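Participant: need a structure here:
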Amino acid sequence: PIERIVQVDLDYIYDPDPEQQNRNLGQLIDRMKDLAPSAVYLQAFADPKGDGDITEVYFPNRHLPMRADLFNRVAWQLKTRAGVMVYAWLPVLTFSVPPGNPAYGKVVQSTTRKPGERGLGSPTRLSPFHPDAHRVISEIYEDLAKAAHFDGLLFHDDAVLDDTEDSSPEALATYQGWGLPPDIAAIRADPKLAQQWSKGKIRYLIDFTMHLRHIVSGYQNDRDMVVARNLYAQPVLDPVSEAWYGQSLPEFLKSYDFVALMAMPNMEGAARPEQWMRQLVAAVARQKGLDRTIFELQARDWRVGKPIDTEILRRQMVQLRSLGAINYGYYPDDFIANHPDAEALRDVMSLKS
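Facilitator: Numbering: from 1, shown residues only. See the structure here:
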């Protein structure tokens, strides 16, 4: 079994001119037919500002405005014309519902964070410990399942909690239920409690995504609903950092069909990108995770706003192959600018590899 995946932004397809939008879609379909990946991870939410404040999505639903009714038709065209599997890529927590929504303002709190700033996680993450936020997110996933036909779910990288979160009253009450004091200062001060708390939050988020899976699978009438989740590299390279990510490679491997590991040394600011990738693969191997870890590479340098040379991307794929990491893919597909170069990547993205 081999996965070769392409993650695709509907933000790149969308255009206020529906005829331009159609031309955009056409270019995507042609590239995916040519490249023939195992799966496309398809954005179901809108994030055109790139700040992770998700006020709109691309499917009809009860809670958020629709930017365009686009996910269902792109998913169907990918499936039927390009012959690929399609995963719905959706946030776990970040839904900026309108005022008057029951979940409005029921967000993840931090003991130290102030207004007007953020850490890795978005300030807009709804608290999965709050019953109204829990239900609203559940209903958004239900509405996705009603609105479109797809083969899997990719749970987004927005599902993070740091070591000062979640400090909201509902979260504290949940920690008390785990046998911890409802007091993050007290938890953090005791290394044993701090470890238990970190692992507890990791499992809580995973369990929440399993709840969402159950909702979607019931509606897709499909027990074979495959799930993947984005995993940051730092918890893999340095597992102590689980405590301020709320993610874990061993726990992910136990719970998801695939782990979408963000193998992106450029984004990470790696001084020695080849060594970095070598160490990342070794870490995954050490956890016996190569069979279900997808090394998701970056095709764009988002910080400087430039495509990454396709030859650099291919060299990363060849390096992965040489190390026995046979599942991989890239994000994003810039189908309008023909980047990455499909001709150059075809041989390594082929499922005969």
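
Participant: residues touching residue 45, list them.
Facilitator: The contact partners of residue 45, taken as Cβ atoms under 8 Å, 6 or more residues apart in numbering, are 54, 56, 57, 58, 89, 90, 91, 156. C-beta: built from backbone N, CA, C; applies to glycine.

Participant: Look up which helix or strand the fifth one falls in, please.
Facilitator: So that's residue 89. Using DSSP states H and E, residue 89 falls within strand 85-90.

Participant: who's in contact with that strand?
Facilitator: With Cβ under 8 Å, 6+ apart, strand 85-90 has contacts from 7, 38-45, 57, 71, 75, 78-79, 140-141, 144, 148, 150-156, 216, 226, 228.

Participant: ok, now stretch 217-233?
Facilitator: Contact with stretch 217-233 is made by 41, 85, 87, 142, 145-146, 149-157, 159-160, 209, 213, 216, 245, 247, 249, 252, 256-264, 268, 280, 294, 296, as judged by Cβ under 8 Å, 6+ apart.

Participant: Buried ones in that stretch, by neighbour count?
Facilitator: Neighbour-count burial for stretch 217-233 flags 217, 219, 220, 225, 226, 227, 228, 229, 230, 231, 232, 233 (criterion: 16 or more other Cβ atoms under 10 Å).

Participant: again, but for stretch 177-189
Facilitator: Buried residues in stretch 177-189, defined by neighbour count with 16+ other Cβ under 10 Å: 180, 184, 187.

Participant: same deal with stretch 79-94?
Facilitator: Those would be 79, 82, 84-94, for stretch 79-94 by 16+ other Cβ under 10 Å.

Participant: ditto for stretch 13-21
Facilitator: Residues of stretch 13-21 classed as buried by neighbour count (16+ other Cβ under 10 Å): 13, 14, 21.

Participant: how about the strands in the stretch 101-250 of the chain?
Facilitator: 152-155, 226-231 (DSSP state E, counting those that start in this stretch).

Participant: want to throw these into JSON lines with distance to residue 300?
Facilitator: JSON lines is the format used below for these (distance: least, Cβ to Cβ, whole Å):
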{"stretch": "strand 152-155", "distance to residue 300": "18"}
{"stretch": "strand 226-231", "distance to residue 300": "16"}
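
Participant: Which of those strands sits closest to residue 289?
Facilitator: For the strands of the stretch 101-250 of the chain, the distance to residue 289 is smallest for strand 226-231, at 10.0 Å, taking Cβ to Cβ.

Participant: re earlier: out of the contacts of strand 85-90, which sit inside helices?
Facilitator: Of those, the ones assigned to helices by DSSP state H are 71, 75, 140, 141, 144, 216.

Participant: farthest pair in the buried residues of stretch 79-94?
Facilitator: Spanning the widest gap among the buried residues of stretch 79-94 are 82 and 93, at 30.7 Å by Cβ to Cβ.

Participant: Would you confirm that residue 331 contacts residue 302?
Facilitator: No - between residue 331 and residue 302 there is no contact under Cβ atoms under 8 Å: 9.8 Å.

Participant: The strand holding residue 89 pairs with which strands, and in what direction?
Facilitator: Here the strand partners of strand 85-90, with direction, are listed using DSSP bridges: strand 39-43 (parallel), strand 152-155 (parallel).

Participant: quick revisit: emit the ChimeraX select command for whichever of the contacts of stretch 217-233 are buried.
Facilitator: Selecting only the buried entries of the contacts of stretch 217-233 in ChimeraX, with 16+ other Cβ under 10 Å as the criterion:
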select :41,85,87,142,145,150,151,152,153,154,155,156,157,159,160,209,213,216,245,247,249,252,256,258,259,260,261,262,263,264,268,280,294,296
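
Participant: ok so, going back, could I get the strand holding residue 89 in CSV with only the CA atoms?
Facilitator: Extracted C-alpha coordinates of strand 85-90, given in CSV (Å, rounded to 0.1, in the frame of the first residue of the first chain):
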residue,chain,number,x,y,z
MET,A,85,-9.6,9.6,-3.9
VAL,A,86,-10.7,12.8,-2.2
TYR,A,87,-10.3,13.7,1.4
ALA,A,88,-12.3,16.6,3.0
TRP,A,89,-9.7,18.9,4.7
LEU,A,90,-11.5,20.8,7.5
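
Participant: Please consider this matter closed, and thank you.
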